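Q: This one's experimental. Sequence and coordinates below.
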Amino acid sequence: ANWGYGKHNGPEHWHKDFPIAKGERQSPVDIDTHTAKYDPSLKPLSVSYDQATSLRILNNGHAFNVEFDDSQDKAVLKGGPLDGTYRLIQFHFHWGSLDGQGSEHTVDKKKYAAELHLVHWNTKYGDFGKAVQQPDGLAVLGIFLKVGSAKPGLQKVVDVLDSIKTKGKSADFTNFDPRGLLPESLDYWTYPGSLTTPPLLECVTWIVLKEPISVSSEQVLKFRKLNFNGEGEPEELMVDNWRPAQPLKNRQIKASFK
Ligand SMILES: NS(=O)(=O)c1nc2c(F)c(F)c(F)c(F)c2s1
Ligand SMILES: [Zn+2]
């Protein structure tokens with residue numbers, strides 16, 4: 001059992017190889033909006049993506065990653081609850097088989113159709129493999145998707161998916177501007193958590209935006225035509241690649257907004 005989402009290797013099995021799955025600071029979590037406390041000490045986030053250099057899109061068998069050049073400080077996330085500078089390395093999504101499910105975080109138990117994660121690492125640790133071993137090593141910006149109007153800045157991602165249908169396929173993906181994926185408002189909730197796939201390391205400051213972005217039915221239908229399987233293997237549609245909410249334990253979710 002290499003892990004996945006399937007009928008026999010999904011999230012409820014992961015603890016057998018990755019015992020941290022039952023740890024004290026796992027992600028994702030349900031955000032109870034009545035219990036999250038406004039923290040007037042939190043700053044506006046700084047999303048600095050003007051110089052972002054996208055390179056490649058890859059179907060890794062679990063999702064697809066849009067990869068960036070993080071060999072210098074092009075695209076960075078700073079401020080909000082963060083100290084120091086976090087470099088963008090990739091974004092990816094989680095989504096469902098239908099619009100009623102797909103997000104990993106939930107909001108008062110509401111599940112959104114999908115969730116985008118912009119993954120960043122703390123440059124004080126020099127590289128990503130080092131950063132994931134530190135409690136403050138990563139900052140993941142989480143943005144919910146709901147189905148409604150098309151998102152114009154998502155269409156270049158949708159259009160390339162037919163070329164990376166199966167696991168291990170990749171394609172060029174230069175000059176993509178991730179600012180086209182942000183909502184209007186940067187209001188957010190934040191809490192300390194983890195990677196949501198194995199190895200599930202507890203190295204993430206989560207920053208989850210309150211305002212979802214809207215994508216069209218047609219756009220999310222194309223996500224659901226991807227495959228978990230490799231070329232020539234029996235087809236396993238890449239859908240429901242999300243981990244369910246985990247116990248909040250001894251953690252406080254803070255709101256940036258009153
Ligand atoms: N699903 S997630 O929390 O956004 C997320 N997980 C992981 C992960 F487990 C890794 F090993 C890794 F190198 C990543 F870049 C991410 S990014
Ligand atoms: Zn993710």
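A: Arrived safely. Residues are numbered from 1 along each chain as shown. Ligands and ions are numbered 1, 2, ... in the order given.
Q: List the buried residues for stretch 23-33?
A: The neighbour-count check on stretch 23-33 (16 or more other Cβ atoms under 10 Å) flags 23, 25-31 as buried. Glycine gets a C-beta too; all of them are placed from N, C-alpha and C.
Q: ok, now stretch 131-150?
A: 131-132, 136-147.
Q: what does stretch 212-224 give?
A: Using 16+ other Cβ under 10 Å as the test for burial, stretch 212-224 gives 212-213, 215-216, 219-220, 222-224.
Q: cool, and stretch 75-83?
A: Those would be 75-82, for stretch 75-83 by 16+ other Cβ under 10 Å.
Q: residues contacting residue 218?
A: Listed by Cβ atoms under 8 Å, 6 or more residues apart in numbering, the contact partners of residue 218 are residue 150.
Q: again, but for the one 10 residues further on
A: Applying Cβ under 8 Å, 6+ apart, we find residue 228 in contact with 4-6, 61-62, 167, 236-238, 241.
Q: if I look at residue 149, how far off is residue 214?
A: As for residue 149, its distance to residue 214 is 5 Å (criterion: Cβ to Cβ, to the nearest Å).
Q: sorry, that was for residue 30
A: Counting by Cβ to Cβ, the gap from residue 30 to residue 214 is 22 Å.
Q: Which helix or which strand is home to residue 58?
A: strand 54-59 (DSSP states H and E).
Q: Does that strand reach ligand 1?
A: No - judged by Cβ under 6 Å from any ligand atom, strand 54-59 and ligand 1 are separated, with a smallest distance of 11.6 Å.
Q: Go ahead and measure how far that strand is from the middle of the chain.
A: 15 Å (Cα atoms, centre = their mean, to the nearest Å).
Q: Give me the next element, helix or strand, following it.
A: strand 64-68.
Q: so that following strand versus strand 54-59, what angle?
A: 160 degrees (axes from the mean of the first three to the mean of the last three Cα atoms, to 10 degrees).
Q: residues in the stretch 101-250 of the chain within reach of ligand 1, list them.
A: 117, 119, 140, 195-197, 199.
Q: Which secondary structure state is assigned to the residue lying farthest from the centre of the chain?
A: The outermost residue of the chain, judged against the average C-alpha position, is residue 232 (28.5 Å), by Cα atoms, centre = their mean. When classified by DSSP: H, G, I helix; E, B strand; the rest coil, residue 232 comes out as coil.
Q: any idea how far residue 34 is from the residue nearest the centre of the chain?
A: A centroid search over the chain (Cα atoms, centre = their mean) returns residue 117, at 2.1 Å, as the residue closest to the centre. Per Cβ to Cβ, residue 117 is found 25 Å from residue 34.
Q: try residue 126
A: From residue 126 to residue 34 the distance is 41 Å (Cβ to Cβ).
Q: quick one, which of the two is more surrounded?
A: Neighbours per residue, other Cβ atoms under 10 Å: of residue 126 and residue 34, the larger number sits with residue 126, 10 against 5.
Q: Shouldn't residue 16 be within a helix?
A: Yes - if the criterion is three-state DSSP, then residue 16 is within a helix.
Q: now the residue nearest to the centre of the chain, nearest residue through space, not along the chain?
A: In this structure, residue 117 finds its nearest non-sequential neighbour in residue 140, 5.0 Å apart by Cβ to Cβ, 6 or more residues apart in numbering.
Q: which residues touch that neighbour?
A: Counting by Cβ under 8 Å, 6+ apart, residue 140 has contacts 117-120, 204-207.
Q: Secondary structure class of it, three-state.
A: strand.
Q: Then residue 130?
A: helix.
Q: is it true that it touches residue 123?
A: No - in terms of Cβ atoms under 8 Å, residue 130 does not count as a neighbour of residue 123; the distance is 10.5 Å.
Q: which pair in the buried residues of stretch 75-83 spans the largest distance?
A: Spatial extent of the buried residues of stretch 75-83 (Cβ to Cβ) is set by the pair 75 and 81 at 18.9 Å.
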